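S.K.: Quick one: the structure is below, questions incoming.
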């Protein structure tokens, strides 16, 4: 089997992407944030504290003839940005772009943190990291991909995120029309539960490529590109007036600037992030200070190839017995 679904930016900055997901019988369609940096499929629901729901579409398990309470199971998750959610668990039928999994753990939120409430466009998350990170207790649950894998034509999914435009998540096949040139595959460590890999270096603008190993994660659920402070300083030094602002929380730059591109290595291949992808606009409405899309990972404890990087590529998440990641230009 295969599946194919369009993923759409939630706003004009590509802060996140939402993908429609069918849950239950009859189908209830919720718009979920596909997150290769976590492993829980959780939703706003009829069980979510009412004051914490503000515009989201909710899953109502009592209206699904295929929903079953997973007795005794609870979940609780905290994300790198300080947001969180928790609740109980149902199993139900879940379909993405025509690909159906029966008995998928659907984690129903009883509580969500303010950042989730405040984002009316995101009805929940669909985790696509390794199932070892799943938070359900006392019986850990599998991701949608893990459950689908054996049925897929090939044990892969691909992320093709758009810049200020829709893109695509495919399951079970590689669309050879969706990228240019060849796909370069690189090794993955699953030791921390992430799609963790090592970039071979970087360049800033038309500058020379610096060969240096950068361990990090391919994370569709993180907006920005978080890299070592040395790398990030080298980038922003090429933008007149750019500076790190402790008050704002990262590098800012004059909105009048033209940003250089940023290249990252994948083996001997190179992915070029155009400068415009690195612009996250005014820090506050009407400001002439703009927020940068490349930020330091210092104090995160891990480098993160988030949407800024991934949307410059066609990305293969290969869930074969030995997982790998592939990147192509597009």
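S.K.: Output the relative contact order of region 131-264, whole-number percent, from Cα pairs under 8 angstrom with separation of 6+ residues. Before the final figure, lay out the partial values.
M.R.: Values: 147 pairs, mean separation 20.0, N = 134.
For region 131-264, the relative contact order is 15 percent.
S.K.: While we're on this one: How large is Rg over Rh for region 5-174, taking Rg from the Cα atoms and Rh as the Kirkwood inverse mean of 1/r across Cα pairs? Write down the numbers at each step before the final one.
M.R.: Numbers: Rg = 14.8 Å, Rh = 15.9 Å.
Checking Rg against Rh, the ratio lands at 0.93.
S.K.: Working out 0.36 nm times the residue gap between residue 11 and residue 189, then minus their Cα-Cα distance, what length gain in nm do you get to one decimal?
M.R.: Numbers: separation 178, 0.36 × 178 = 64.08 nm, distance 3.26 nm.
Taking residue 11 through residue 189 to full extension adds about 60.8 nm, to one decimal.
S.K.: Sticking with this structure for a sec: Starting from 0 in steps of 5 Å, tell me what percent of the Cα-Cα pairs of region 175-330 lands in each bin.
M.R.: Each 5 Å bin holds this share of Cα pairs: 2, 9, 18, 23, 20, 13, 8, 5, 2, 0, 0.
S.K.: Determine the calculated [θ] at 222 nm for the chain from helices alone, applying -39500 (n - 2.57) to every DSSP H run no shorter than 4 residues and normalising by the residue count; nearest 500 deg cm²/dmol.
M.R.: One gets -1500 deg cm²/dmol as the mean residue ellipticity at 222 nm.
S.K.: While we're on this one: Given the Cα-Cα distance of residue 247 and residue 230 and 0.36 nm per residue of separation, how much length would full extension add, in nm?
M.R.: 4.1 nm
S.K.: Still on this model: Using bins 5 angstrom wide from zero, how does P(r) for region 286-330 break down, in % of all Cα pairs?
M.R.: Whole-percent P(r) values from 0 Å outward: 5, 15, 17, 18, 18, 14, 6, 3, 2, 1, 0.
S.K.: Moving on to the next point. Can you give me the distance in nm between label points at residue 1 and residue 111, each placed 7 Å from the Cα along the Cα-to-Cβ direction?
M.R.: So the label points at residue 1 and residue 111 sit 3.5 nm apart.
S.K.: Taking other Cβ within 10 Å of each residue's Cβ, how do 226, 251 sort, fewest first?
M.R.: 251, 226
S.K.: Provide the packing ranking of 126-138, 197-209, i.e. peptides ordered by the mean count of other C-beta atoms within 10 Å per residue, highest first. Mind showing how you got there, number by number?
M.R.: Numbers: 126-138: 20.6, 197-209: 16.5.
Sorting 126-138, 197-209 by mean packing, highest first, produces 126-138, 197-209.
S.K.: Also, quick follow-up: Report the full-extension gain for the segment residue 63 to residue 78: residue separation times 0.36 nm, less the Cα-Cα distance, to one decimal in nm.
M.R.: Here the segment from residue 63 to residue 78 would lengthen by 2.5 nm.
S.K.: Right, next: So if I take the centroid of the Cα atoms in region 192-237 and the same for region 244-260, what is the distance between those two points in Å?
M.R.: 18
S.K.: Among 53, 239, 272, what is the fewest-to-most ranking by other Cβ atoms within 10 Å? Please list the in-between numbers first.
M.R.: Values: 53 18, 239 22, 272 14.
Exposure proxy ranking, most exposed first: 272, 53, 239.
S.K.: Show me the three semi-axes of the equivalent ellipsoid for the chain, from the C-alpha gyration tensor (sqrt of 5 times each eigenvalue), largest first, rounded to whole Å.
M.R.: Working: eigenvalues 221, 107, 57 Å².
Semi-axes, largest first: 33, 23, 17 Å.
S.K.: Which one of 33, 307, 146 has the biggest mean-square fluctuation once the chain is modelled by GNM with Cα springs under 10 Å?
M.R.: Evaluated over the chain, the most mobile residue of the options is 146.
S.K.: Quick one: work out the % antiparallel among DSSP beta bridges in region 175-330, nearest 5. The partial results should precede the final answer.
M.R.: On the way: 34 of 40 bridges.
In region 175-330, DSSP labels about 85 percent of beta bridges as antiparallel.
Heads up, the Cβs are rebuilt from the backbone with ideal geometry, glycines too, and the neighbour counts pull from every protein chain shown. Coordinate-derived values only; no laboratory data.
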